[PDB]
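# Close look at the chain arrangement
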Amino acid sequence: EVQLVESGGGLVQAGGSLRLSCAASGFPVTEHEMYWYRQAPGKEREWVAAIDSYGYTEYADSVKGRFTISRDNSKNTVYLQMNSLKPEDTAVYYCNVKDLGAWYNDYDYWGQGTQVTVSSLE
Amino acid sequence: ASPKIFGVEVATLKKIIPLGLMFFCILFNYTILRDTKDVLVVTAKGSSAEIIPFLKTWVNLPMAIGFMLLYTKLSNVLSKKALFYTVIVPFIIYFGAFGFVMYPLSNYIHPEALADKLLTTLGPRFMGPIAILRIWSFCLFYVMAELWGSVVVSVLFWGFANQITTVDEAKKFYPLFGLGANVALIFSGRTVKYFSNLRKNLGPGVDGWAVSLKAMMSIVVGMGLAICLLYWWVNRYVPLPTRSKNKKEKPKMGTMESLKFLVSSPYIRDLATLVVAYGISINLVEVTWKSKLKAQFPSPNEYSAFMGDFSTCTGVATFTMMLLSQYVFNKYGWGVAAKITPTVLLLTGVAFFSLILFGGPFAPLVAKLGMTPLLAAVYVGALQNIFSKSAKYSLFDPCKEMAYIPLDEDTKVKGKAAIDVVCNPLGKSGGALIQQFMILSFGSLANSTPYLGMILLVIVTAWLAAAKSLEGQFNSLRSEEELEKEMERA
């Protein structure tokens with residue numbers, strides 16, 4: 001089956017950096033567009049940043065200029081670098097794959113998510 | 001007066017039903033292989049994730065060019081039936097052997113013990129080629145599957161059709177080949193889904209993927225034997241148009257001379273322009289529209305709900321375009337149908353890139369429609385992406401194949417091979433290179449929107465000009481050959 005596992009989420013100060021990594025298995029990860037969503041408690045799941053089969057790196061305007069999505073074909077994993085983080089980036093981040101073909105039954109595959117918390121301490 | 005069923009002569013019916021069955025089987029195999037290859041090359045016991053990109057960048061196009069050169073000389077030294085069998089039987093036997101021998105004995109034929117010695121010999125930068133060696137069999141399968149979709153679908157089948165079908169019967173029956181092509185895609189998708197489920201439903205202790213692959217390759221070889229039997233039936237028990245007696249011409253046999261003639265031919269130039277422009281236009285506008293789409297639907301549920309409705313509209317449009325194509329081919333002719341695709345793509349692309357580039361000025365205009373200008377761009381791009389993919393088997397491919405019919409057999413076969421094997425992958429590669437050049441120039445495909453729109457305008461303008469010139473030359477060839485046949489027969 002399709003397996004997506006996220007890692008790299010943690011506790012960082014406001015203005016910090018954090019690199020999420022989605023390891024994917026069970027499908028050609030370099031031939032399909034890989035998405036990065038985030039969900040905060042009490043809010044709906046929102047899209048953060050996607051990368052196409054060509055590696056074209058479309059971003060959401062909320063994170064544009066700060067986040068950088070990058071698929072590494074050598075290690076078969078998608079990455080989301082997060083620079084100049086800000087306390088409303090605190091959410092559970094999921095990597096998603098859609099429309100994987102006729103060999104698959106769901107049209108949507110998600111990871112279990114990784115928690116990213118940004119602290120407003122002084 | 002031979003009998004006529006459904007208003008069609010029994011002889012034409014007898015030549016068209018086996019052709020439709022052949023195209024059904026060919027696309028059935030094409031879909032089965034197109035899914036099997038990518039679900040196989042990644043689920044291999046030892047497989048790098050950069051094994052499919054390397055086969056898309058550095059293996060696909062060279063293989064296509066090599067097949068063009070091989071097919072030219074094969075057609076020069078073989079008859080029509082001998083060439084058809086020489087091209088298709090290797091595919092069928094390879095897929096059968098892969099399903100029944102090469103996959104079960106995959107641990108034996110793969111040089112795992114060699115492409116780690118050579119991996120300690122050659123640095124990690126050479127991880128690309130090493131990977132293929134490590135699973136050469138599967139990689140070859142991948143390549144062969146691609147080649148099938150490039151060769152058996154286009155060169156083999158449509159060359160046979162243009163060889164046996166006249167222009168009138170082609171106007172009458174080529175959209176009805178696309179209807180049946182879509183049924184083949186539907187049924188093969190259901191077959192792939194059935195075997196994907198069967199891989200899991202069968203109990204433990206059984207290699208479900210092995211059984212599913214054996215069954216799918218058994219279906220592949222069954223449809224291949226059906227294709228061969230139908231080819232033999234059409235070539236034996238169907239009276240075929242022989243030719244006009246201009247058929248005699250010095251066999252070039254110069255893979256430099258033949259290619260020099262093809263590059264210098266004004267007909268192949270326009271036809272290759274159509275193919276290349278089609279590929280580039282859909283690829284570029286599809287990427288841009290999907291980026292805007294992602295910007296529009298931030299939530300997963302809304303995105304998937306929109307990509308259920310998009311698929312429903314795609315199917316409805318496929319059906320209605322099949323009907324409308326069979327109508328327009330009957331009424332308006334080859335030129336109108338050949339120009340419909342570039343004009344509609346041009347209009348929709350201008351509207352799309354206008355709503356993108358100038359969203360501010362258009363915000364009040366679109367507010368009358370109750371849409372954000374981003375949503376208006378999303379819908380315009382969706383309609384354009386629907387028309388461009390539903391006009392393939394209904395409106396674009398029929399025109400493309402019928403442009404080959406009035407040609408002489410030398411140029412017909414050679415240009416067919418050189419276009420449908422080489423020029424289409426060149427269209428995709430040129431689109432990718434164009435987008436990469438825009439990226440390296442302006443850092444992003446968002447910062448290159450006006451230039452992307454301008455070059456798309458130029459590409460579709462060249463597409464329209466090529467369609468006009470090709471239609472003129474096509475009518476010239478048809479009139480010349482009909483008058484020559486009527487003069488020699490008088």
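Turning to the domain arrangement of chain B, a few remarks are in order. Residues and elements named next belong to chain B. In terms of domain boundaries, chain B breaks down into domain 1 (4–239) and domain 2 (259–489). Between domain 1 and domain 2, the C-alpha centre-to-centre distance is 26 Å. Contact residues are listed per partner, giving 36 residues for domain 1 and 30 residues for domain 2. Contact between domain 1 and domain 2 buries roughly 2,800 Å² in total, counting both sides, with carbon and sulfur atoms accounting for 74%. For domain 1, the biggest contributors to the area lost against domain 2 are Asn162, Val167 and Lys171; these three give 22% of the whole. Joining domain 1 to domain 2, the criterion identifies one salt bridge. One can count three residue pairs in polar contact joining domain 1 with domain 2. Taken together, the elements giving at least two residues each to the side of domain 1 that touches domain 2 come down to helix 1 (10–41), helix 2 (51–77), helix 7 (136–164), helix 8 (167–173) and helix 9 (175–201). For the side of domain 1 that touches domain 2, the element with the highest residue contribution is helix 2, accounting for ten residues.

Moving on, we get to the nonpolar core. Grouped together as the largest cluster of nonpolar side chains are 193 residues, with contacts concentrated most on A:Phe27, A:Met34, A:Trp36, A:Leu80, A:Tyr93, B:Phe95 and B:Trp148. For this core, the leading source of residues is helix 7 of chain B, giving 19 residues. Both domains that meet at this core, namely domain 1 (4–239) and domain 2 (259–489) of chain B, each give it at least three residues. Ignoring any residue separated from it by four or fewer positions in sequence, one finds B:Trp148 in contact with B:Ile26, B:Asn29, B:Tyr30, B:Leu33, B:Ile88, B:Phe91, B:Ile92, B:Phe95, B:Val153 and B:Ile227.

If you add up the space inside the second largest pocket, you get close to 850 Å³. Surrounding the second largest pocket, 34 residues form its lining, A:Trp47, A:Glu58, A:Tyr59, A:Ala60 and B:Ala446 being those nearest its centre. Mapped by element, the contributors of at least two residues to the lining of the second largest pocket are strand 5 (46–51) and strand 6 (58–59) of chain A together with helix 12 (266–296) and helix 19 (449–489) of chain B. A per-element tally of the lining of the second largest pocket places helix 12 of chain B first, with seven residues. Split into classes, the residues belonging to the lining of the second largest pocket amount to 15 nonpolar, nine polar and ten charged.

Calculation criteria
Residues numbered from 1 in each chain as written, not as in the entry; some residues may be left out. Chains lettered and ligands numbered in written order. Heavy atoms only, no water. Domains from an automatic or database assignment. Contact = heavy atoms within 4.5 Å. Buried area = accessible area lost by both parts, 1.4 Å probe. Salt bridge = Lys/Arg side-chain N within 4 Å of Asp/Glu carboxyl O. Polar contact = N/O pair within 3.5 Å; in protein donor to acceptor, adjacent residues only side chain to side chain. Helix = DSSP H or I, 4+ residues; strand = E, 2+ residues; numbered from the N terminus. Core = buried A, V, L, I, M, F, W, Y, C linked by side-chain atoms within 4.5 Å. Buried < 20%, exposed > 50% of the residue type's maximum accessible area, 1.4 Å probe, protein only. 1 Å grid on protein atoms, 1.4 Å probe; cavity = no way out; pocket = protein on both sides within 12 Å on 5 of 7 lines; lining within 4 Å. Points joined across faces, edges and corners; volume = space filled by probe spheres on them. Nonpolar A, V, L, I, M, F, W, Y, C, P; charged D, E, K, R; others polar.

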